[PDB]
Each structure stands twice: as C-alpha cells, then as structure tokens.
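To keep things clear, I will list the structure first and then write my remarks on it.
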Amino acid sequence: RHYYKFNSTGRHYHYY
C-alpha cells in the first residue's frame with residue numbers, strides 16, 4: 001500500500 005490507482009468514479013485506491 002504505497003501507490004494509488006485511479007478509479008472510474010474519480011476516487012483513488014491502493015494497489016501496490
């Protein structure tokens with residue numbers, strides 16, 4: 001949990 005990805009909703013979430 002150091003990087004974020006872009007969500008289709010405009011939100012962000014952890015991936016890596």
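To be explicit about the labels: the chains of the structure tokens are called A, B, and onward in the order shown, and within each one the residues are counted from 1, while ligands get numbers from 1 in the order they are shown.
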
Check your understanding: Could you name the residues that touch residue 2 of chain A at 9 Å or less, counting only C-alpha atoms, but leaving out those on the same chain fewer than 4 positions away, as a list in words?
Key ->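 Listed by chain and then number, they are residues 14, 15 and 16 of chain A.
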